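**Student:** This is the structure I want to talk about, given as structure tokens.
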Amino acid sequence: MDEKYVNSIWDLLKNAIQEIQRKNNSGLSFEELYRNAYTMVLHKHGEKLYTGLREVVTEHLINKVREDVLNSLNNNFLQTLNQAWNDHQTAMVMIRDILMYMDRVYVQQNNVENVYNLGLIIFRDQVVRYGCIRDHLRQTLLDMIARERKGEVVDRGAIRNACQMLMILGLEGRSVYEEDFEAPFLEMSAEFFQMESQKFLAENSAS
Amino acid sequence: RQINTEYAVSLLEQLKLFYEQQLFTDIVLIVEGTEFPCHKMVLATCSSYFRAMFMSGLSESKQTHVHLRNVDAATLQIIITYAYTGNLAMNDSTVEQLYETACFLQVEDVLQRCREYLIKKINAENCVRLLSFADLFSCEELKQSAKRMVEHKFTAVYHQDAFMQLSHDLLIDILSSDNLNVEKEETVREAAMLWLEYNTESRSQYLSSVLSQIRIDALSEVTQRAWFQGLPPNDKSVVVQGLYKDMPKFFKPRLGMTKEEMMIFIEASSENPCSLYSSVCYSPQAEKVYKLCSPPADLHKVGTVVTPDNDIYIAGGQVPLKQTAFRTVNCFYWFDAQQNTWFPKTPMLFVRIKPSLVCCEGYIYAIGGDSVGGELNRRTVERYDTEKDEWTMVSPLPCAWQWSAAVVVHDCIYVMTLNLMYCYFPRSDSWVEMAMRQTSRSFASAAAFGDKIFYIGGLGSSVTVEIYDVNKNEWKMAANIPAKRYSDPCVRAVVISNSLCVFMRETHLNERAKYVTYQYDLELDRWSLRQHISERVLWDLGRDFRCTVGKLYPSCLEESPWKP
Numbered sequence: 025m026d027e028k029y030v031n032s033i034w035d036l037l038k039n040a041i042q043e044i045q046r047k048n049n050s051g052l053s054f055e056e057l058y059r060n061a062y063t064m065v066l067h068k069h070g071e072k073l074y075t076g077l078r079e080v081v082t083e084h085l086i087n088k089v090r091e092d093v094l095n096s097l098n099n100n101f102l103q104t105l106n107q108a109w110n111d112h113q114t115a116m117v118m119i120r121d122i123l124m125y126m127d128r129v130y131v132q133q134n135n136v137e138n139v140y141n142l143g144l145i146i147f148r149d150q151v152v153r154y155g156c157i158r159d160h161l162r163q164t165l166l167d168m169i170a171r172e173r174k175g176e177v178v179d180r181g182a183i184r185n186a187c188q189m190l191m192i193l194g195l196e197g198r199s200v201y202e203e204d205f206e207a208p209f210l211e212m213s214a215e216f217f218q219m220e221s222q223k224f225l226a227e228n229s230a231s
Numbered sequence: 007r008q009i010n011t012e013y014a015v016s017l018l019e020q021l022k023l024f025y026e027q028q029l030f031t032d033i034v035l036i037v038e039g040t041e042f043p044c045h046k047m048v049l050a051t052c053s054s055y056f057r058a059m060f061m062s063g064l065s066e067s068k069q070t071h072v073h074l075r076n077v078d079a080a081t082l083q084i085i086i087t088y089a090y091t092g093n094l095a096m097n098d099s100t101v102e103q104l105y106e107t108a109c110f111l112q113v114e115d116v117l118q119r120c121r122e123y124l125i126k127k128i129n130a131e132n133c134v135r136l137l138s139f140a141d142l143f144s145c146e147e148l149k150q151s152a153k154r155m156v157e158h159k160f161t162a163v164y165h166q167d168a169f170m171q172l173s174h175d176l177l178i179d180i181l182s183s184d185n186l187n188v189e190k191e192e193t194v195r196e197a198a199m200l201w202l203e204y205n206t207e208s209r210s211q212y213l214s215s216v217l218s219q220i221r222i223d224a225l226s227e228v229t230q231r232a233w234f235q236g237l238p239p240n241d242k243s244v245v246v247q248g249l250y251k252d253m254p255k256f257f258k259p260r261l262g263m264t265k266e267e268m269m270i271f272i273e274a275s276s277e278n279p280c281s282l283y284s285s286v287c288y289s290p291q292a293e294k295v296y297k298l299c300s301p302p303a304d305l306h307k308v309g310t311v312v313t314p315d316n317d318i319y320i321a322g323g324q325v326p327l328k341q342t343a344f345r346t347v348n349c350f351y352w353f354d355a356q357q358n359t360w361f362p363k364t365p366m367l368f369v370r371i372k373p374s375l376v377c378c379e380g381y382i383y384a385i386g387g388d389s390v391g392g393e394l395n396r397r398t399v400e401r402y403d404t405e406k407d408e409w410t411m412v413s414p415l416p417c418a419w420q421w422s423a424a425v426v427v428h429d430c431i432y433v434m435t436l437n438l439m440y441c442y443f444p445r446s447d448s449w450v451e452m453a454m455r456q457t458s459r460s461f462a463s464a465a466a467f468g469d470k471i472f473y474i475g476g477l494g495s496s497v498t499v500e501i502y503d504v505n506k507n508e509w510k511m512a513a514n515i516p517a518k519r520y521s522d523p524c525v526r527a528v529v530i531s532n533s534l535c536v537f538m539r540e541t542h543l544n545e546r547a548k549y550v551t552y553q554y555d556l557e558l559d560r561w562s563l564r565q566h567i568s569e570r571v572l573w574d575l576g577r578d579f580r581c582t583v584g585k586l587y588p589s590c591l592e593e594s595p596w597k598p
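Chains A and B, in that order, are what the protein sequence lines are. Using full-length UniProt numbering, the first residue of the first sequence is number 25, and each one after it goes up by one. Those letters in the second sequence? Residues 7 to 328, 341 to 477, 494 to 598, per full-length UniProt numbering, in order.
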């Protein structure tokens with residue numbers, strides 16, 4: 025139909041998506057969004073919807089979770105990051121479900137990644153691989169694992185949650201998670217264990 | 007492999023019992039006031055939308071009453087029972103709404119079944135409707151297969167009303183395609199003109215694009231001032247625009263104007279000894295031998311027919327059963355004039371060996387052909403419906419005949435045997451006795467030219499010719515074909531170039547077969563040498579080969595590589 029009708033449909037869909045992302049998915053109708061997505065892709069306008077999706081998702085991430093992580097980099101930095109990841113995942117589940125139907129036609133003809141993969145990629149680019157968050161996360165994980173290696177016990181379930189989050193963030197395998205985690209931790213383990221062996225050769229014997 | 011089937015049936019029928027007897031229903035579908043008590047399990051197995059509806063965490067996850075809108079009760083009921091009993095009763099009418107709800111509910115299995123139903127139901131009267139349906143919902147496989155059948159059929163009919171209600175993108179793809187089958191490039195021009203003039207100025211913006219896909223041989227001649235008559239008043243952005251616009255876009259002839267009158271041959275002698283037989287063709291104009299696709303599963307002992315719409319069909323035949343070994347099958351196939359392949363169609367009711375395929379009133383008639391029955395009606399004459407894609411029995415012929423030929427003259431079926439002839443009247447479904455021949459000859463072929471029947475040859495064969503007149507109802511002799519003595523000519527009657535020509539291959543003693551065709555003078559009763567087929571291009575074909583008149587595209591077909 026006319027461009028005004030599709031623009032109004034997209035505007036309403038964008039408002040509904042933002043409302044869902046604001047932890048207000050209770051009072052919102054699913055059938056209307058599916059029908060709106062039905063008539064949007066029907067008119068061969070999936071490119072605009074996909075482009076609008078990416079802009080909305082990245083704007084929400086930069087506004088909400090980018091500020092939240094930087095505001096609490098010292099007060100439960102890992103706990104807040106995991107909570108934001110869980111909020112992103114649980115919001116994407118409904119976001120993906122509506123747009124997986126859009127994906128079924130879109131990715132099989134346009135040959136692009138799915139919306140769930142798109143959300144993981146943009147989350148990786150804007151949160152984990154940030155110019156400041158990446159180094160801060162790397163430094164804090166090395167510090168706590170070194171303190172754990174020193175002899176005192178710290179939280180261990182959160183570390184398992186963090187590596188699992190990064191493993192899912194890889195989205196293809198162990199490409200991003202391995203390089204990001206191992207390379208600083210391999211070097212940290214290398215120096216720590218080298219000093220440990222050097223200390224042991226003079227303070228003890230081979231018995 | 008699979009798992010225990012005996013429990014697979016038990017659980018299936020018990021779920022059906024729990025569905026018809028409404029007991030374990032936690033979710034009910036509310037559609038236009040109709041109650042549909044069912045389960046979340048069964049809706050999940052079929053549909054991929056209910057998996058985003060229940061296991062999603064929305065308000066409907068806990069709600070036990072959902073108001074499913076934009077659906078149909080009958081379509082939902084058949085989909086639900088298909089998820090419950092698997093019996094997908096697909097008729098010829100409700101498949102359109104069946105696909106609509108299947109795509110809405112994202113039910114993959116029923117989507118494939120109805121697509122398989124629509125891939126078989128694609129025909130003349132619904133080609134435009136199915137293509138628009140295939141354009142609305144992304145069904146590329148159906149869309150492409152329709153487009154091919156659509157491309158040939160629009161050119162033939164170009165008068166269906168649904169052609170006017172088509173999207174601009176679809177029309178551009180149809181018109182700019184190089185698969186159109188037209189004797190002239192002007193019929194597509196007027197088809198676009200009537201489509202543009204069908205509606206108001208809403209076609210004006212699309213006119214700058216539709217002419218950009220048509221060749222420029224018609225973008226400077228007539229049908230330019232006609233649009234100026236239909237132009238919106240005072241519009242100076244179109245008349246001048248088209249004045250200086252038709253410079254580019256590389257005038258090039260289309261592919262539909264590349265059909266030539268050719269002699270299609272089947273069951274020819276295979277060049278490579280690995281295969282039994284092959285199919286070739288002779289070009290009376292190009293003087294070359296183009297190869298053809300092998301018969302479906304090397305279907306031997308078949309019959310050919312070419313409709314006035316220039317369509318090739320194959321019926322009957324036998325396949326070597328999995341040393342002599344052959345089993346007769348009633349499979350039916352249709353030849354694609356462009357893809358060089360045989361598309362399967364609705365099979366017959368009885369198997370046939372060497373059936374006489376004759377087209378009349380759009381129906382394909384297969385008379386006799388050594389049926390498997392062998393009962394008192396050992397003829398089994400049956401026609402084929404080209405619009406409904408089904409076979410219907412006709413009036414049985416009076417006398418059982420073997421090794422017979424049939425032609426169509428004056429909208430009637432004329433079948434010929436050793437000495438008798440019976441004419442079938444399709445309007446009343448009856449047989450009437452015809453004239454009796456004075457010579458006992460069989461194993462011959464006849465060609466229908468105008469209002470006369472020319473029974474050429476008969477028994494090897496000979497040069498005996500008996501001409502029969504429909505208006506006169508009498509058999510008369512004309513002449514004998516002058517051929518070399520002490521030979522065994524293989525006569526083949528056919529109509530070509532609005533004249534009665536003969537494809538006669540003769541073999542001398544201790545000599546190879548020679549190919550030569552003659553033109554029979556109708557008024558002078560004499561066979562004149564029209565053309566001599568050189569052996570450098572055409573090799574031996576055999577004895578059980580058939581010939582028919584038809585048109586084919588040399589571009590789609592490929593030349594057969596074989597030594598002279």
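We put the beta carbon where it would ideally sit given N, CA and C, even for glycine.
Going straight from the alpha carbon of B/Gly39 to that of B/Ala79, what length do you get?
**Tutor:** Here residue 39 of chain B corresponds to residue number 33 of the second sequence, with the count starting at 1. Here residue 79 of chain B corresponds to residue number 73 of the second sequence, with the count starting at 1. Looking at the two C-alpha atoms, the distance is approximately 9 Å.
**Student:** When you compare the CB of A/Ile122 with every CB in chain B, is at least one pair closer than 9 Å?
**Tutor:** The residue given as residue 122 of chain A occupies position 98 in the first sequence. For A/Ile122, the answer is yes, since a Cβ of chain B falls inside 9 Å of its Cβ.
**Student:** Output needed for B/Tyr212: all residues of its chain with C-beta closer than 7 Å, excluding positions within five of it in sequence on either side, in chain order.
**Tutor:** Taking the first residue of the second sequence as 1, we reach residue 212 of chain B at position 206. Once the five neighbours on either side are set aside, the close Cβ partners of B/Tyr212 are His174.
**Student:** Under the rule that 16 or more other beta-carbon atoms within 10 Å means buried, what is B/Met439, buried or exposed?
**Tutor:** Position 421 of the second sequence, counting from 1, holds the residue named residue 439 of chain B. With 16 or more other Cβ atoms within 10 Å, it is buried.
**Student:** Between which two residues does the beta strand (DSSP E) harbouring A/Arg158 extend?
**Tutor:** Along the first sequence, read from residue 1 onward, the residue named residue 158 of chain A stands at position 134. No beta strand (DSSP E) contains A/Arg158, which is instead part of the alpha helix (DSSP H) from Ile157 to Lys174.
**Student:** Could you name the residues of chain A that B/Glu66 contacts, counting a contact when the two beta carbons are closer than 9 Å?
**Tutor:** Stepping through the second sequence from its first residue, residue 66 of chain B is reached at position 60. Within 9 Å Cβ-Cβ: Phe54 and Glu55.
**Student:** Would B/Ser495 and B/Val525 qualify as a contact pair, given that the criterion is a beta-carbon distance under 9 Å?
**Tutor:** Along the second sequence, one-based indexing puts residue 495 of chain B at 461. Along the second sequence, one-based indexing puts residue 525 of chain B at 491. For B/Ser495 and B/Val525, yes; Cβs fall inside 9 Å.
**Student:** Would you kindly check if the distance between the Cβ of B/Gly248 and the Cβ of B/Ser208 is under 9 Å?
**Tutor:** Here residue 208 of chain B refers to the residue found at position 202 when the second sequence is read from its first residue. Here residue 248 of chain B refers to the residue found at position 242 when the second sequence is read from its first residue. It is not a contact, given that the beta carbons lie outside the stated cut-off.
**Student:** Between which two residues does the alpha helix (DSSP H) containing B/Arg135 stretch?
**Tutor:** Counting from one through the second sequence, the residue named residue 135 of chain B turns up at place 129. Per DSSP, B/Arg135 belongs to the alpha helix (DSSP H) from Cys133 to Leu142.
**Student:** With 16 other CB atoms within 10 Å as the buried threshold, where does B/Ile9 fall?
**Tutor:** Numbered from 1 along the second sequence, position 3 holds the residue referred to as residue 9 of chain B. B/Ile9 is exposed by the Cβ-count criterion.
**Student:** Could you check whether the Cβ of B/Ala58 sits closer than 9 Å to any Cβ belonging to chain A?
**Tutor:** Numbered from its first residue, the second sequence carries residue 58 of chain B at position 52. It does; some Cβ of chain A falls within 9 Å.
**Student:** Using a Cβ-Cβ distance under 9 Å, would A/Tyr58 count as near chain B?
**Tutor:** Locating residue 58 of chain A in the first sequence gives position 34, where the first residue counts as 1. A/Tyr58 counts as touching chain B.
**Student:** Determine the burial state of B/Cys417: buried for a count of at least 16 other Cβ atoms within 10 Å of its Cβ, exposed for fewer.
**Tutor:** Here residue 417 of chain B is taken as the residue at index 399 of the second sequence, counted from 1. With fewer than 16 other Cβ atoms within 10 Å, it is exposed.
**Student:** Who are the Cβ neighbours of B/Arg564 in its own chain at under 7 Å, not counting the five residues just before and after it?
**Tutor:** To locate residue 564 of chain B, count along the second sequence from 1; it is residue 530. So the list reads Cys535, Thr551, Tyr552 and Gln553, once near-sequence residues are dropped.
**Student:** Just list the residues that DSSP pairs B/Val113 with in beta bridges.
**Tutor:** Mapped onto the second sequence, residue 113 of chain B falls at position 107. Looking at the DSSP assignment, B/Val113 forms a beta bridge with B/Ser53.
**Student:** Mind checking whether A/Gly51 and A/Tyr130 have CB atoms under 9 Å apart?
**Tutor:** The residue given as residue 51 of chain A occupies position 27 in the first sequence. The residue given as residue 130 of chain A occupies position 106 in the first sequence. No. Outside cutoff.
**Student:** Taking 9 Å as the threshold (C-beta atoms), are B/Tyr383 and B/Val426 in contact?
**Tutor:** As a first step, residue 426 of chain B is located in the second sequence; it is residue number 408 there, counting from the start. As a first step, residue 383 of chain B is located in the second sequence; it is residue number 365 there, counting from the start. Cβ distance < 9 Å, so B/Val426 and B/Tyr383 count as in contact.
**Student:** For B/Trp201, report the span of its alpha helix (DSSP H) as first-last.
**Tutor:** On the second sequence, residue 201 of chain B is found 195 positions in, with the first residue counted as 1. Note, B/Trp201: alpha helix (DSSP H), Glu192 to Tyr204.
**Student:** How many angstroms separate the CA atom of B/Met155 from the CA atom of B/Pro516?
**Tutor:** The residue given as residue 155 of chain B occupies position 149 in the second sequence. The residue given as residue 516 of chain B occupies position 482 in the second sequence. Whole-angstrom Cα-Cα distance: 46 Å.
**Student:** With 9 Å set as the bound, which would you pick, yes or no: does the beta-carbon of A/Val117 sit closer than that to a beta-carbon of chain B?
**Tutor:** Position 93 of the first sequence, counted from the first residue, corresponds to residue 117 of chain A. True, the Cβ-Cβ gap to chain B drops below 9 Å.
**Student:** My output table needs one value for A/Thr104: the three-state DSSP class, helix, strand or coil.
**Tutor:** Residue numbering aside, residue 104 of chain A sits at position 80 when the first sequence is read from its first letter. In the structure shown, A/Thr104 sits in a helix (DSSP, three-state: H, G or I).
**Student:** Can you name the residues of chain B whose CB is closer than 9 Å to the CB of A/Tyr125?
**Tutor:** Your numbering for residue 125 of chain A matches position 101 in the first sequence. Residues of chain B passing the Cβ test: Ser54, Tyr55, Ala58 and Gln112.
**Student:** Do A/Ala182 and A/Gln103 come within 9 Å of each other at the CB atom, strictly closer than that value?
**Tutor:** In the first sequence, the residue the question calls residue 103 of chain A occupies position 79. In the first sequence, the residue the question calls residue 182 of chain A occupies position 158. Result yes, Cβ atoms of A/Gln103 and A/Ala182 sit closer than 9 Å.
**Student:** Assign B/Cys145 to one of three DSSP states: helix, strand, or coil.
**Tutor:** Indexing the second sequence from 1 puts residue 145 of chain B at position 139. Coil, per DSSP.
**Student:** Counting only beta-carbon separations shorter than 9 Å, does B/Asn76 have a partner in chain A?
**Tutor:** Residue 76 of chain B sits at position 70 when you count from the first residue of the second sequence. So, interface residue.
**Student:** Give the interface partners of A/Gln133 over in chain B, defined as CB-CB distance under 8 Å, in chain order.
**Tutor:** Stepping through the first sequence from its first residue, residue 133 of chain A is reached at position 109. The answer, in chain order, is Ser144 and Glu146.
**Student:** Can you list, in chain order, the residues of the segment 39-52 of chain A whose Cβ is nearer than 9 Å to any Cβ on chain B?
**Tutor:** Those would be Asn49, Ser50, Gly51 and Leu52, in chain order.
**Student:** Quick check on A/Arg128 - is its C-beta less than 9 Å from some C-beta in chain B?
**Tutor:** Within the first sequence, residue 128 of chain A is the residue found at index 104, counting from 1. At least one chain B Cβ lies under 9 Å of A/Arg128.
**Student:** From B/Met411 to B/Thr398, what distance separates their C-alpha atoms?
**Tutor:** Here residue 411 of chain B refers to the residue found at position 393 when the second sequence is read from its first residue. Here residue 398 of chain B refers to the residue found at position 380 when the second sequence is read from its first residue. Their Cα atoms are separated by approximately 8 Å.
**Student:** Excluding the 5 residues flanking A/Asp35 on each side, which residues of the same chain have their C-beta closer than 8 Å to its C-beta?
**Tutor:** Counted from its first residue, the first sequence places residue 35 of chain A at position 11. Closer than 8 Å at the Cβ level, and outside the excluded window around A/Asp35, lies no residue.
**Student:** In terms of DSSP beta bridges, what is B/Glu540 paired with?
**Tutor:** Your numbering for residue 540 of chain B matches position 506 in the second sequence. According to DSSP, B/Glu540 bridges with B/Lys548.
**Student:** What does the alpha-carbon distance come out to for the pair residue 481 of chain B and B/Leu111?
**Tutor:** What the structure lacks is residue 481 of chain B: chain B is numbered 477, then 494, with the residues between left out.
**Student:** Residues of chain A with a CB under 8 Å from the CB of B/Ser62: which are they?
**Tutor:** Within the second sequence, residue 62 of chain B is the residue found at index 56, counting from 1. Result: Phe54, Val117, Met118 and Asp121.
**Student:** Just to confirm before moving on: does the CB-CB distance between B/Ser413 and B/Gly386 stay below 9 Å?
**Tutor:** Residue mapping note: residue 413 of chain B aligns to position 395 of the second sequence, counting from 1. Residue mapping note: residue 386 of chain B aligns to position 368 of the second sequence, counting from 1. Not in contact: B/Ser413 and B/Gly386 (Cβ atoms no closer than 9 Å).
**Student:** Using the beta-carbon count (16 or more within 10 Å), is B/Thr81 buried or exposed?
**Tutor:** Position 75 of the second sequence holds residue 81 of chain B. So B/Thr81 counts as buried.
**Student:** Skipping 5 residues on each side, what residues in its chain have a beta carbon closer than 6 Å to that of B/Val504?
**Tutor:** Residue 504 of chain B sits at position 470 when you count from the first residue of the second sequence. Excluding positions up to five away in sequence, the list reads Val427, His428 and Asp469.
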